[PDB]
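Shown next: coords.tsv, given as TSV, N, CA and C atoms.
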```
chain	number	residue	atom	x	y	z
I	500	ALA	N	0.84	-1.22	0.00
I	500	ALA	CA	0.00	0.00	0.00
I	500	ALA	C	0.86	1.26	0.00
I	501	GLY	N	2.18	1.08	-0.07
I	501	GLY	CA	3.08	2.21	-0.08
I	501	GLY	C	3.75	2.43	1.26
I	502	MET	N	3.66	1.44	2.14
I	502	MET	CA	4.30	1.51	3.44
I	502	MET	C	5.78	1.21	3.32
I	503	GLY	N	6.57	2.26	3.23
I	503	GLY	CA	7.99	2.12	3.02
I	503	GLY	C	8.67	3.45	2.83
I	504	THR	N	9.70	3.45	2.02
I	504	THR	CA	10.43	4.66	1.73
I	504	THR	C	9.85	5.34	0.49
I	505	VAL	N	10.54	6.38	0.03
I	505	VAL	CA	10.26	7.02	-1.24
I	505	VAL	C	10.14	6.01	-2.38
I	506	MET	N	10.85	4.90	-2.27
I	506	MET	CA	10.69	3.81	-3.22
I	506	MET	C	9.32	3.16	-3.07
I	507	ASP	N	8.94	2.80	-1.84
I	507	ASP	CA	7.71	2.07	-1.62
I	507	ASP	C	6.49	2.96	-1.83
I	508	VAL	N	6.65	4.26	-1.57
I	508	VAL	CA	5.56	5.21	-1.80
I	508	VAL	C	5.11	5.18	-3.25
I	509	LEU	N	6.07	4.97	-4.12
I	509	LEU	CA	5.80	4.86	-5.55
I	509	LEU	C	5.32	3.46	-5.90
I	510	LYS	N	5.85	2.48	-5.18
I	510	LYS	CA	5.57	1.07	-5.40
I	510	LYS	C	4.10	0.76	-5.10
I	511	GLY	N	3.50	1.57	-4.24
I	511	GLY	CA	2.15	1.32	-3.80
I	511	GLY	C	1.11	2.19	-4.48
I	512	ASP	N	1.54	3.04	-5.40
I	512	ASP	CA	0.60	3.94	-6.08
I	512	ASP	C	0.44	3.57	-7.55
I	513	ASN	N	-0.79	3.68	-8.05
I	513	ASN	CA	-1.10	3.31	-9.42
I	513	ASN	C	-0.60	4.34	-10.43
I	514	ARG	N	-0.42	5.58	-9.99
I	514	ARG	CA	-0.02	6.65	-10.89
I	514	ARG	C	1.49	6.70	-11.01
I	515	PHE	N	2.18	6.04	-10.09
I	515	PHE	CA	3.62	5.95	-10.13
I	515	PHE	C	4.08	4.55	-10.49
I	516	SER	N	3.12	3.70	-10.86
I	516	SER	CA	3.41	2.29	-11.11
I	516	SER	C	4.49	2.09	-12.18
I	517	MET	N	4.40	2.80	-13.29
I	517	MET	CA	5.36	2.62	-14.37
I	517	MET	C	6.69	3.29	-14.02
I	518	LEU	N	6.61	4.28	-13.13
I	518	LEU	CA	7.79	4.98	-12.61
I	518	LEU	C	8.70	4.00	-11.90
I	519	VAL	N	8.08	3.16	-11.08
I	519	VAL	CA	8.80	2.12	-10.33
I	519	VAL	C	9.63	1.27	-11.27
I	520	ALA	N	9.01	0.85	-12.37
I	520	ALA	CA	9.67	0.01	-13.37
I	520	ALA	C	10.88	0.72	-13.99
I	521	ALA	N	10.81	2.05	-14.12
I	521	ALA	CA	11.94	2.81	-14.64
I	521	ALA	C	13.06	2.85	-13.61
I	522	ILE	N	12.69	3.18	-12.38
I	522	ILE	CA	13.63	3.18	-11.26
I	522	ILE	C	14.28	1.81	-11.12
I	523	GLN	N	13.46	0.79	-11.33
I	523	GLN	CA	13.89	-0.58	-11.33
I	523	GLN	C	14.95	-0.82	-12.38
I	524	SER	N	14.63	-0.44	-13.59
I	524	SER	CA	15.54	-0.56	-14.72
I	524	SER	C	16.83	0.21	-14.47
I	525	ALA	N	16.74	1.25	-13.66
I	525	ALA	CA	17.90	2.05	-13.29
I	525	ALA	C	18.72	1.36	-12.21
I	526	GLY	N	18.06	0.55	-11.38
I	526	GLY	CA	18.74	-0.18	-10.33
I	526	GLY	C	19.35	0.71	-9.26
I	527	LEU	N	18.72	1.84	-8.98
I	527	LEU	CA	19.21	2.73	-7.93
I	527	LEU	C	18.37	2.59	-6.67
I	528	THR	N	17.75	1.42	-6.53
I	528	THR	CA	16.89	1.12	-5.40
I	528	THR	C	17.53	1.50	-4.07
I	529	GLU	N	18.75	1.04	-3.82
I	529	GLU	CA	19.41	1.25	-2.54
I	529	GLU	C	19.50	2.74	-2.19
I	530	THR	N	19.56	3.59	-3.21
I	530	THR	CA	19.60	5.03	-2.99
I	530	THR	C	18.35	5.50	-2.23
I	531	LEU	N	17.18	5.13	-2.74
I	531	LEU	CA	15.92	5.59	-2.15
I	531	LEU	C	15.33	4.56	-1.19
I	532	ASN	N	15.90	3.38	-1.14
I	532	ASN	CA	15.38	2.31	-0.29
I	532	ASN	C	16.07	2.32	1.07
I	533	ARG	N	17.11	3.12	1.17
I	533	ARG	CA	17.83	3.28	2.42
I	533	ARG	C	17.27	4.49	3.18
I	534	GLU	N	17.46	4.52	4.49
I	534	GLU	CA	16.93	5.60	5.31
I	534	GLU	C	17.79	6.85	5.17
I	535	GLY	N	17.15	8.00	5.32
I	535	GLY	CA	17.83	9.27	5.23
I	535	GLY	C	16.84	10.39	5.06
I	536	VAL	N	17.23	11.42	4.32
I	536	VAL	CA	16.33	12.52	4.02
I	536	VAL	C	16.34	12.79	2.52
I	537	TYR	N	15.16	12.83	1.91
I	537	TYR	CA	15.05	13.04	0.47
I	537	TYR	C	13.74	13.75	0.13
I	538	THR	N	13.77	14.49	-0.96
I	538	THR	CA	12.56	15.09	-1.51
I	538	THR	C	12.40	14.67	-2.96
I	539	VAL	N	11.54	13.71	-3.20
I	539	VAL	CA	11.39	13.15	-4.52
I	539	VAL	C	10.20	13.76	-5.23
I	540	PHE	N	10.47	14.54	-6.27
I	540	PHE	CA	9.42	15.03	-7.12
I	540	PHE	C	9.09	13.97	-8.15
I	541	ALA	N	7.95	13.33	-7.96
I	541	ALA	CA	7.62	12.11	-8.68
I	541	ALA	C	6.71	12.39	-9.87
I	542	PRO	N	7.20	12.11	-11.08
I	542	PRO	CA	6.44	12.30	-12.31
I	542	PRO	C	5.43	11.18	-12.54
I	543	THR	N	4.23	11.56	-12.92
I	543	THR	CA	3.17	10.60	-13.17
I	543	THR	C	3.34	9.94	-14.55
I	544	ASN	N	2.39	9.10	-14.92
I	544	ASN	CA	2.50	8.32	-16.15
I	544	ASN	C	2.29	9.18	-17.38
I	545	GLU	N	1.42	10.18	-17.28
I	545	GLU	CA	1.21	11.13	-18.36
I	545	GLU	C	2.43	12.03	-18.51
I	546	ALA	N	3.26	12.10	-17.47
I	546	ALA	CA	4.49	12.87	-17.54
I	546	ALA	C	5.51	12.16	-18.38
I	547	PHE	N	5.46	10.86	-18.33
I	547	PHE	CA	6.26	10.03	-19.19
I	547	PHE	C	5.80	10.21	-20.63
I	548	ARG	N	4.64	10.84	-20.79
I	548	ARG	CA	4.07	11.07	-22.11
I	548	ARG	C	4.50	12.43	-22.65
I	549	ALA	N	5.04	13.25	-21.77
I	549	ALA	CA	5.39	14.63	-22.11
I	549	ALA	C	6.84	14.74	-22.59
I	550	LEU	N	7.52	13.61	-22.72
I	550	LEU	CA	8.90	13.61	-23.17
I	550	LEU	C	9.05	12.95	-24.53
I	551	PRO	N	9.94	13.49	-25.37
I	551	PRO	CA	10.26	12.89	-26.67
I	551	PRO	C	10.79	11.47	-26.50
I	552	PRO	N	10.20	10.50	-27.22
I	552	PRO	CA	10.54	9.08	-27.08
I	552	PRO	C	12.03	8.80	-27.25
I	553	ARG	N	12.71	9.62	-28.04
I	553	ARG	CA	14.14	9.45	-28.28
I	553	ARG	C	14.94	9.50	-26.99
I	554	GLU	N	14.76	10.58	-26.22
I	554	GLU	CA	15.50	10.77	-24.98
I	554	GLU	C	15.15	9.68	-23.97
I	555	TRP	N	13.89	9.29	-23.96
I	555	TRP	CA	13.42	8.29	-23.01
I	555	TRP	C	13.89	6.90	-23.37
I	556	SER	N	13.87	6.61	-24.65
I	556	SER	CA	14.41	5.34	-25.15
I	556	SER	C	15.89	5.20	-24.79
I	557	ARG	N	16.54	6.33	-24.55
I	557	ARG	CA	17.91	6.33	-24.05
I	557	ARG	C	17.94	5.92	-22.58
I	558	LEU	N	17.02	6.49	-21.80
I	558	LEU	CA	16.99	6.25	-20.36
I	558	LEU	C	16.59	4.81	-20.07
I	559	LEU	N	15.48	4.37	-20.63
I	559	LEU	CA	15.01	3.01	-20.43
I	559	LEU	C	15.96	1.99	-21.07
I	560	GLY	N	16.83	2.47	-21.94
I	560	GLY	CA	17.79	1.60	-22.59
I	560	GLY	C	19.07	1.45	-21.78
I	561	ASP	N	19.41	2.49	-21.03
I	561	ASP	CA	20.64	2.51	-20.24
I	561	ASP	C	20.36	2.94	-18.80
I	562	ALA	N	20.77	2.11	-17.85
I	562	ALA	CA	20.41	2.31	-16.45
I	562	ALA	C	20.96	3.61	-15.90
I	563	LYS	N	22.23	3.88	-16.15
I	563	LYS	CA	22.84	5.08	-15.61
I	563	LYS	C	22.32	6.31	-16.35
I	564	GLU	N	21.87	6.10	-17.58
I	564	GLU	CA	21.25	7.17	-18.35
I	564	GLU	C	19.91	7.54	-17.73
I	565	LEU	N	19.15	6.53	-17.33
I	565	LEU	CA	17.89	6.71	-16.68
I	565	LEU	C	18.12	7.35	-15.32
I	566	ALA	N	19.03	6.75	-14.57
I	566	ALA	CA	19.41	7.24	-13.25
I	566	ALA	C	19.85	8.70	-13.29
I	567	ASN	N	20.45	9.09	-14.41
I	567	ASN	CA	20.98	10.45	-14.58
I	567	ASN	C	19.92	11.50	-14.28
I	568	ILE	N	18.77	11.39	-14.93
I	568	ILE	CA	17.68	12.35	-14.75
I	568	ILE	C	16.88	12.00	-13.51
I	569	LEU	N	16.65	10.71	-13.31
I	569	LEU	CA	15.88	10.23	-12.17
I	569	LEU	C	16.46	10.73	-10.84
I	570	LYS	N	17.78	10.82	-10.75
I	570	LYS	CA	18.45	11.31	-9.54
I	570	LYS	C	18.19	12.81	-9.31
I	571	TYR	N	17.85	13.52	-10.37
I	571	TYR	CA	17.63	14.96	-10.28
I	571	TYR	C	16.24	15.26	-9.73
I	572	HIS	N	15.37	14.27	-9.77
I	572	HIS	CA	14.04	14.40	-9.19
I	572	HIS	C	14.09	14.26	-7.67
I	573	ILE	N	15.25	13.87	-7.17
I	573	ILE	CA	15.42	13.59	-5.76
I	573	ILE	C	16.30	14.65	-5.11
I	574	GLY	N	15.74	15.38	-4.16
I	574	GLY	CA	16.51	16.34	-3.40
I	574	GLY	C	17.32	15.69	-2.31
I	575	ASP	N	18.33	16.40	-1.81
I	575	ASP	CA	19.29	15.83	-0.88
I	575	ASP	C	18.76	15.81	0.56
I	576	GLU	N	17.64	16.48	0.80
I	576	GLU	CA	17.01	16.47	2.10
I	576	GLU	C	15.54	16.80	1.97
I	577	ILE	N	14.83	16.78	3.09
I	577	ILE	CA	13.39	16.83	3.05
I	577	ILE	C	12.85	18.26	3.07
I	578	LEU	N	12.23	18.67	1.98
I	578	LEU	CA	11.58	19.96	1.89
I	578	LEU	C	10.08	19.74	1.79
I	579	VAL	N	9.40	19.82	2.92
I	579	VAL	CA	7.97	19.54	2.97
I	579	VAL	C	7.14	20.73	2.51
I	580	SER	N	5.85	20.49	2.33
I	580	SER	CA	4.89	21.52	1.92
I	580	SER	C	5.03	22.81	2.74
I	581	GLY	N	5.19	22.66	4.05
I	581	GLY	CA	5.28	23.81	4.93
I	581	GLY	C	6.58	24.58	4.77
I	582	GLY	N	7.49	24.04	3.97
I	582	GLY	CA	8.75	24.70	3.72
I	582	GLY	C	8.77	25.39	2.37
I	583	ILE	N	7.72	25.16	1.59
I	583	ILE	CA	7.60	25.74	0.26
I	583	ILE	C	7.20	27.21	0.37
I	584	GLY	N	8.16	28.09	0.13
I	584	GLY	CA	7.90	29.52	0.20
I	584	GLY	C	7.79	30.14	-1.18
I	585	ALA	N	8.12	31.42	-1.28
I	585	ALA	CA	8.08	32.13	-2.56
I	585	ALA	C	8.84	31.36	-3.63
I	586	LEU	N	10.10	31.09	-3.35
I	586	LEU	CA	10.91	30.24	-4.20
I	586	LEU	C	12.11	29.73	-3.41
I	587	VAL	N	12.08	28.44	-3.10
I	587	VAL	CA	13.14	27.82	-2.34
I	587	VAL	C	13.83	26.77	-3.19
I	588	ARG	N	15.13	26.89	-3.31
I	588	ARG	CA	15.91	25.96	-4.10
I	588	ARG	C	16.55	24.90	-3.22
I	589	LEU	N	16.30	23.67	-3.58
I	589	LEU	CA	16.79	22.52	-2.86
I	589	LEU	C	17.75	21.75	-3.75
I	590	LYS	N	18.81	21.22	-3.19
I	590	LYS	CA	19.76	20.45	-3.98
I	590	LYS	C	19.16	19.11	-4.38
I	591	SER	N	19.77	18.48	-5.37
I	591	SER	CA	19.31	17.18	-5.84
I	591	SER	C	20.47	16.19	-5.87
I	592	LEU	N	20.20	14.98	-6.34
I	592	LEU	CA	21.22	13.95	-6.44
I	592	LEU	C	22.06	14.11	-7.70
I	593	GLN	N	21.39	14.43	-8.82
I	593	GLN	CA	22.09	14.61	-10.10
I	593	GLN	C	23.11	15.73	-9.99
I	594	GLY	N	22.82	16.68	-9.12
I	594	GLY	CA	23.81	17.66	-8.75
I	594	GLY	C	23.35	19.09	-8.94
I	595	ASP	N	22.22	19.28	-9.61
I	595	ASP	CA	21.71	20.63	-9.81
I	595	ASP	C	20.70	20.98	-8.71
I	596	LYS	N	19.82	21.92	-8.99
I	596	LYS	CA	18.92	22.46	-7.99
I	596	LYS	C	17.46	22.19	-8.35
I	597	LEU	N	16.66	21.90	-7.34
I	597	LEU	CA	15.22	21.82	-7.51
I	597	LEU	C	14.60	23.18	-7.19
I	598	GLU	N	13.98	23.77	-8.19
I	598	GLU	CA	13.45	25.11	-8.08
I	598	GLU	C	11.99	25.07	-7.61
I	599	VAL	N	11.80	25.01	-6.30
I	599	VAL	CA	10.48	24.87	-5.72
I	599	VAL	C	9.90	26.24	-5.38
I	600	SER	N	8.68	26.50	-5.83
I	600	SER	CA	8.06	27.79	-5.60
I	600	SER	C	6.58	27.62	-5.27
I	601	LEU	N	6.05	28.51	-4.46
I	601	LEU	CA	4.63	28.50	-4.14
I	601	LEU	C	3.99	29.80	-4.59
I	602	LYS	N	3.12	29.72	-5.58
I	602	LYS	CA	2.45	30.90	-6.08
I	602	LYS	C	0.95	30.67	-6.18
I	603	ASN	N	0.21	31.34	-5.31
I	603	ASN	CA	-1.25	31.24	-5.25
I	603	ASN	C	-1.67	29.80	-4.98
I	604	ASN	N	-1.10	29.24	-3.92
I	604	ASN	CA	-1.42	27.88	-3.45
I	604	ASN	C	-0.91	26.81	-4.41
I	605	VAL	N	-0.37	27.22	-5.55
I	605	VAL	CA	0.16	26.29	-6.53
I	605	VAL	C	1.66	26.13	-6.36
I	606	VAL	N	2.09	24.91	-6.11
I	606	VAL	CA	3.50	24.61	-5.96
I	606	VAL	C	4.13	24.35	-7.32
I	607	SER	N	5.34	24.83	-7.52
I	607	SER	CA	6.06	24.59	-8.75
I	607	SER	C	7.48	24.13	-8.45
I	608	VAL	N	7.98	23.21	-9.26
I	608	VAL	CA	9.33	22.71	-9.10
I	608	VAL	C	10.02	22.65	-10.46
I	609	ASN	N	11.16	23.33	-10.57
I	609	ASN	CA	11.94	23.33	-11.80
I	609	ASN	C	11.11	23.93	-12.93
I	610	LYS	N	10.24	24.88	-12.55
I	610	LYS	CA	9.36	25.59	-13.48
I	610	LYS	C	8.17	24.73	-13.91
I	611	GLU	N	8.11	23.50	-13.40
I	611	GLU	CA	6.97	22.62	-13.65
I	611	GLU	C	6.03	22.64	-12.45
I	612	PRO	N	4.73	22.84	-12.69
I	612	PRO	CA	3.71	22.87	-11.63
I	612	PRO	C	3.48	21.51	-10.98
I	613	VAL	N	3.43	21.51	-9.65
I	613	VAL	CA	3.16	20.30	-8.89
I	613	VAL	C	1.65	20.10	-8.75
I	614	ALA	N	1.22	18.85	-8.81
I	614	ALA	CA	-0.20	18.53	-8.72
I	614	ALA	C	-0.61	18.33	-7.27
I	615	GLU	N	0.24	17.66	-6.50
I	615	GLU	CA	-0.02	17.46	-5.08
I	615	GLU	C	1.28	17.29	-4.30
I	616	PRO	N	1.69	18.33	-3.56
I	616	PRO	CA	2.83	18.24	-2.64
I	616	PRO	C	2.50	17.47	-1.37
I	617	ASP	N	3.56	16.96	-0.74
I	617	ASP	CA	3.52	16.45	0.64
I	617	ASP	C	2.86	15.07	0.73
I	618	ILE	N	3.45	14.11	0.04
I	618	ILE	CA	3.15	12.71	0.26
I	618	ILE	C	4.36	12.07	0.94
I	619	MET	N	4.31	11.95	2.25
I	619	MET	CA	5.50	11.62	3.02
I	619	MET	C	5.82	10.13	3.00
I	620	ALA	N	7.11	9.85	2.95
I	620	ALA	CA	7.62	8.50	3.09
I	620	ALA	C	8.35	8.41	4.42
I	621	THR	N	8.98	7.28	4.70
I	621	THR	CA	9.68	7.14	5.96
I	621	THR	C	11.08	7.76	5.90
I	622	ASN	N	11.57	8.00	4.69
I	622	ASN	CA	12.90	8.57	4.49
I	622	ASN	C	12.85	9.91	3.76
I	623	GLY	N	11.67	10.51	3.67
I	623	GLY	CA	11.56	11.78	2.98
I	623	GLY	C	10.14	12.13	2.60
I	624	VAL	N	10.01	13.03	1.64
I	624	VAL	CA	8.70	13.48	1.19
I	624	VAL	C	8.59	13.36	-0.33
I	625	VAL	N	7.38	13.11	-0.81
I	625	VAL	CA	7.13	12.97	-2.24
I	625	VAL	C	6.16	14.05	-2.71
I	626	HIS	N	6.36	14.52	-3.93
I	626	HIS	CA	5.49	15.53	-4.51
I	626	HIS	C	5.08	15.10	-5.92
I	627	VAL	N	3.78	15.07	-6.19
I	627	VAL	CA	3.27	14.60	-7.48
I	627	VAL	C	3.40	15.67	-8.56
I	628	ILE	N	4.15	15.37	-9.60
I	628	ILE	CA	4.21	16.22	-10.78
I	628	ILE	C	3.66	15.49	-11.98
I	629	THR	N	3.02	16.23	-12.86
I	629	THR	CA	2.44	15.64	-14.05
I	629	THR	C	3.38	15.83	-15.25
I	630	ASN	N	4.60	16.29	-14.98
I	630	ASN	CA	5.61	16.44	-16.00
I	630	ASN	C	6.98	16.02	-15.48
I	631	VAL	N	7.82	15.48	-16.36
I	631	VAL	CA	9.15	15.06	-15.98
I	631	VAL	C	10.08	16.27	-15.99
I	632	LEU	N	11.21	16.16	-15.31
I	632	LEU	CA	12.04	17.31	-15.02
I	632	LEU	C	13.39	17.17	-15.71
I	633	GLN	N	13.83	18.22	-16.38
I	633	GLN	CA	15.09	18.20	-17.09
I	633	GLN	C	15.77	19.55	-16.99
I	634	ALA	N	17.09	19.54	-17.07
I	634	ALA	CA	17.87	20.76	-16.94
I	634	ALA	C	18.20	21.32	-18.32
```

Using structure tokens, write down the structure from this file.
Amino acid sequence: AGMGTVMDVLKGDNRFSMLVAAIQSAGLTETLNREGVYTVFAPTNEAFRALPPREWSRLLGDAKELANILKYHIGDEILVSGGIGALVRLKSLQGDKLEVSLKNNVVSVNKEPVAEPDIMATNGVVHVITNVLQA
């Protein structure tokens, strides 16, 4: 039912179901399956639809290629809904910044609007995005 970490939170949701399989193909389970602090901006299945098949066929074809972008969806510590201010930048795993902003009750990350912030896991927090994130 999603009782676990940022990994299991996705494992137990129908909208993140195919996401799990990508993370799986990436084999970075231990990253998000271990305890710590993380902020995972989780792209839904229609978000997988918002990317050119070429770039994605690269990710699903190569684990570290997939992991490359997938790690950028994950912040280095927990930035919950109550921490979302005007614009707060949080670090990520890929190495760049998550551009989180709150404008008129609408949360945005990396210039992409969030659908539902603050789905907590045991090792961090998850935020539903309907688009995938790229630098």

| request: Could you find all residues in chain I that DSSP calls strand (DSSP E) from the backbone, and write them as a PyMOL selection string? | output: chain I and resi 537-542+573-574+586-590+596-602+605-608+611-619+623-628

| said: Considering only N, CA and C atoms, can you say which of I:573, I:554, I:548, I:506 comes closest to residue 594 (chain I)? | reply: I:573

| Nearest residue to residue 630 (chain I) from the set I:595, I:611, I:507, I:529 (distances using only N, CA and C atoms) | I:611

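Minimum distance to residue 590 (chain I) across I:516, I:505, I:539, I:553 (counting only C-alpha atoms) occurs at I:539.
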
| Counting all atoms listed in the file, the residue of I:509, I:518, I:585, I:577 that sits nearest residue 535 (chain I) | I:577

| field | Distance query region 561-572 of chain I at most 8 Å, all atoms listed in the file, self and fewer than 2 positions along chain excluded, as an MDAnalysis selection string | value | chainID I and resid 521:527 537:542 555:559 574:575 590:597 632:634

| task | Show which residues sit within 7 Å of residue 614 (chain I), as an MDAnalysis selection string. Count all atoms listed in the file, and ignore same-chain residues fewer than 5 positions away. | result | chainID I and resid 606 626:629

| Backbone-only DSSP, alpha helix (DSSP H) members of chain I, as an NGL selection string | :I and (505-510 or 516-525 or 528-532 or 552-558 or 562-569)

| field | Among the residues I:549, I:583, I:519, I:605, the one that comes closest to residue 631 (chain I) [using only N, CA and C atoms] | value |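 Using only N, CA and C atoms, residue 631 (chain I) sits closest to I:549.
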
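Atom C of residue 581 (chain I) to atom N of residue 532 (chain I) spans 23.9 Å [interatomic distance, one decimal].
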
| Using only N, CA and C atoms, which of I:610, I:545, I:623, I:603 sits nearest residue 579 (chain I)? |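 Comparing I:610, I:545, I:623, I:603 against residue 579 (chain I), the winner is I:623.
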
| message | Counting all atoms listed in the file, find residues at most 8 Å from (12.2, 8.5, 5.8) (file frame) and give them as a PyMOL selection string. | response | chain I and resi 503-505+533-537+619-624

| task | Tell me, in Å to one decimal, how far CA of residue 584 (chain I) is from CA of residue 599 (chain I). | result |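 So the answer is 8.0 Å.
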
| query | Mind pulling up the distance from CA of residue 515 (chain I) to CA of residue 609 (chain I)? | reply |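 Result for CA of residue 609 (chain I) versus CA of residue 515 (chain I): 19.3 Å, one decimal.
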